[PDB]
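Residue-level listing of the chains:
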Amino acid sequence: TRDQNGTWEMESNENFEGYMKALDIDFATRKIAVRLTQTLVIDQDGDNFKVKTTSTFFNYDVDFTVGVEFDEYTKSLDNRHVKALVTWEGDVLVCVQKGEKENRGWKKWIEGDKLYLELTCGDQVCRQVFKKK
């Protein structure tokens with residue numbers, strides 16, 4: 001399925017530390033963020049996505065249209081400018097964030113009743129699994 005709608009609660013988070021370190025997120029921030037349960041709220045209508053990520057101490061919200069390039073300032077993360085593009089490869093939603101960091105982006109897909117999110121930066125891969133609320 002390409003339907004990623006829903007409220008998704010984090011089951012697992014592997015190598016979030018390595019991903020954040022590759023983004024040059026400060027030590028203090030990383031130490032808090034790695035411990036936190038994330039909730040991902042995805043509102044998907046056709047090509048239009050509105051995504052909200054919440055935890056006790058940090059938020060990150062992004063809206064995008066599949067197949068439409070969009071400039072991003074990664075406020076609250078690493079504060080960089082990237083040129084972002086989100087497209088489908090089969091039922092995998094693929095984001096490339098073109099800019100200073102190499103191999104920066106993410107891939108997201110549904111398998112069973114779970115959402116998988118693979119965050120990449122440089123030589124680091126973070127793997128997250130969410131289950132539907």
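Residue numbers count from 1 along every chain, following the sequence as written rather than necessarily the entry numbering; any residue without coordinates is not displayed. As a rule here, side-chain values cover all heavy atoms of the structure and leave hydrogens and water aside.

Structure determination for the deposited model, as stated in its record, used X-ray crystallography, and the stated resolution is 1.420 Å.

If you check the PDB entry, the chain appears there as Retinol-binding protein 2 from Homo sapiens. UniProt positions are given in the numbering used here, feature names are shortened, and annotations may be inferred rather than shown by experiment. Its UniProt record gives the chain the following Function comment, quoted word for word: "Intracellular transport of retinol."

Draft legend 1. Region of the structure containing unusual backbone geometry. Residues other than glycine seldom take positive phi values, yet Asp24 does so here, at roughly 70°. The buried label applies to any residue whose accessible area, calculated with a 1.4 Å probe on protein chains only, is under 20% of its type's maximum; exposed applies above 50%, and partly exposed to all values in between. According to the relative accessible area criterion, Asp24 is partly exposed, its value standing at 48%. In the Ramachandran plot, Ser76 falls in the positive-phi region, its phi being about 70° despite a non-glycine side chain. Considering the arrangement of structural elements, one finds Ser76 in the loop between strand 5 (70-73) and strand 6 (81-89). Where helices and strands are cited, they refer to DSSP runs of H or I of at least four residues and of E of at least two residues respectively, numbered from the N terminus.

Draft legend 2. Region of the structure containing the pattern of salt bridges. For salt bridges, the criterion is a side-chain nitrogen of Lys or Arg within 4 Å of an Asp or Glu carboxyl oxygen. Counted according to the given criterion, the structure contains eleven salt bridges. Between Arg80 and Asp78 there is a salt bridge, with its nearest N and O atoms 2.8 Å apart. According to the relative accessible area criterion, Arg80 is partly exposed, its value standing at 21%. Here the residues in one salt-bridge network are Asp24, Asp78, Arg80, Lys101 and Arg104, joined through shared partners.

Draft legend 3. Broad picture of the pairing of strand 7 (residues 92-98). We call two strands paired when DSSP finds no fewer than two bridges between them. In terms of strand pairing, strand 6 meets strand 7 through seven bridges, oriented antiparallel. When the bridges of strand 7 are listed, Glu89 appears paired with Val92. Between strand 6 and strand 7, which follow one another and run antiparallel, lie two residues, and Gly90 among them has a positive phi close to 65°. Across four bridges, strand 7 lies against strand 8 (residues 105-111) in antiparallel orientation. Looking at strand 8, one finds that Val94 is bridged to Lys107.

Draft legend 4. Molecular detail of the sheet that holds strand 2 (residues 39-45). Ordered by their spatial adjacency, ten strands build an open sheet running 4-3-2-1-10-9-8-7-6-5, and the pairing between neighbours is antiparallel. Both edges of this open sheet fall to strand 4 (59-65) and strand 5, since each of them pairs with a single strand only. For this sheet, the mean inter-axis angle between neighbouring strands, taken without regard to orientation, is 25°. To obtain an axis, a line is fitted to C-alpha atoms, over the contacting stretch when the element is a helix, and the angle between two such axes runs from 0 to 180 degrees between their N-to-C directions.

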